[PDB]
Amino acid sequence: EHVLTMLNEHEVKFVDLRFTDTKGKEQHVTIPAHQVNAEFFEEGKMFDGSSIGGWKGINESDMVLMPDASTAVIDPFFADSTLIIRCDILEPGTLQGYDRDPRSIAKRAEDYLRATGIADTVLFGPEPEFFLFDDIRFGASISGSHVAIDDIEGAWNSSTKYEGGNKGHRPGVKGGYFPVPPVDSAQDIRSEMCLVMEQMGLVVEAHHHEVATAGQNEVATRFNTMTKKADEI
Amino acid sequence: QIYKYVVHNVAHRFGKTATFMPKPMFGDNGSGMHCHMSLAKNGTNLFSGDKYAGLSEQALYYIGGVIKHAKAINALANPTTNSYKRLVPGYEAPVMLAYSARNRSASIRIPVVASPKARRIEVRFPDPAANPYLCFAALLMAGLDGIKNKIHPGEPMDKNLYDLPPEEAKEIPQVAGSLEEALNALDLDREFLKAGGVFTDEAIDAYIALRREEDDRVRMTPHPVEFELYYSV
């Protein structure tokens, strides 16, 4: 019901159904808001299993996308108002929870925790780090292969000629841990990431440039129960 | 001189350009000019004997002389600021003022050879930038002063170089660490060169003045690396 009110409150035009594959990559499919009804929540929507890597094979393609109404959150990037709803992948009819669905697996693990009675909740506080570049090029064919990385912060650009001049204040190799701007070129961006993360339900504890030259950065978020944290990741 | 001339000109004729600079590149070998020496009288090799590695006690005094006046010899055998970019705490750096028939940490190697007719010493720290004449002369005069004053060498170093060791901080004899230091040594320790009226004070002072002017260019001109290290200070 909270979902049906969020649809009106934000004048939502679409609902973006999300899930994760075995490799860990978030996937999605979109339906007009008007396709969201009572049925939707109790029986979900049907989709082809055989399309995702490592899932159903030749014979048993069809499976169920079960919206988890607790996950509803507005997408801050899409042009038209759209609501994101994370889904679990259930076996049809049985509506059990696909053996290969990583979210189902994580839920099963939280269940088993409570079952053994060892504890009733698990707490995860992961600290993912990442890189921000300007140009990334790569390829591989019979005659060779390559990868080229480029960023305005890369130490290697200390010698690069730039259109409007090289302003040269860059983090040297392993020298990214905290020089204030302009050496650190990502303050504004790290904060937008923070604000947006919070608009999406995450709670931010800190943000800072990391060690590596060429844009290594980190946004630290507050822990949460295991499955909700993986969602947060 | 002829050697250099041939090298320079054959290179030119082949479309190349040769240099005898001691360290044109950081990160790879520099160019040295090891000097093998020995003395003789009426056809006999005054350096062969029953002492260490087949040496005469005369050879040892000679070595002692070279070691005593090493820093001053440096001003002639390593007459460029660049020379000291080769003579740096490295593994194979011929900077330890000692002798040995094996330890190639020692700036004085004793070639192990069969025929006593070929017994000699190898002073390793000289570089090709050195004035033939003045470098060789300074080496001799130091050797002679080592003899005239029976300057004993001490015992041969057969342990290791500059790094580990690092036990007793390994502060044993070493060659000059900069051109200025070498020039200053030459200034103070000039007696052994003036012996026999070979080198006059005027000559020595003039030489020092020529090199100080060179040393100044390098000391006064900002170095590219200084930008890497301090532009963002």
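Note that chain B is numbered according to Swiss-Prot, with residues 237-469 shown in order.
If you're wondering, the header gives electron microscopy, 6.2 Å.
Every residue, even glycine, has its Cβ placed from backbone N, Cα and C.
Copied over from Swiss-Prot, here are the features:
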type	residues	note
BINDING	B:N265, B:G266, B:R322, B:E328, B:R340, B:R360	L-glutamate binding site
MOD_RES	B:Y398	O-AMP-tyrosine
Inter-residue C-alpha distance, B:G266 (L-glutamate binding site) and the residue listed as 'O-AMP-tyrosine' (nearest angstrom): 18
Distance from the residue listed as 'O-AMP-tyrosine' back to B:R322 (L-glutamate binding site), taken between C-alpha atoms, in Å: 14
Pairwise Cα distance maximum in Å, L-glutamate-binding residues per record: B:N265, B:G266, B:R322, B:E328, B:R340, B:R360: 16
Rounded inter-Cα distance in Å - B:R360 (L-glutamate binding site), B:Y398 (O-AMP-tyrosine): 16
Other C-beta atoms that fall within 10 angstroms of the C-beta of B:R360 (L-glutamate binding site): 21
Shell list (L-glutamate; ref centroid = CB of B:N265, B:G266, B:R322, B:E328, B:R340, B:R360; cutoff 8 A): B:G268, B:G326, B:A329, B:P330
B:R322, B:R340 as binding-site residues, winner by CB count within 10 A: B:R322
CB contacts for B:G266 (L-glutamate binding site) [other CB atoms within 10 A, all chains]: 20
Number of other Cβ atoms within 10 Å of the Cβ of B:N265 (L-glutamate binding site) across all protein chains: 11
Whole-number Å value for how far B:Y398 (O-AMP-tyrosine) lies from B:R340 (L-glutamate binding site) (Cα to Cα): 11
Rounded Cα separation (Å) that holds between the residue listed as 'O-AMP-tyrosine' and B:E328 (L-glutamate binding site): 9
All-chain count of other Cβ atoms within 10 Å of the residue listed as 'O-AMP-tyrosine': 17
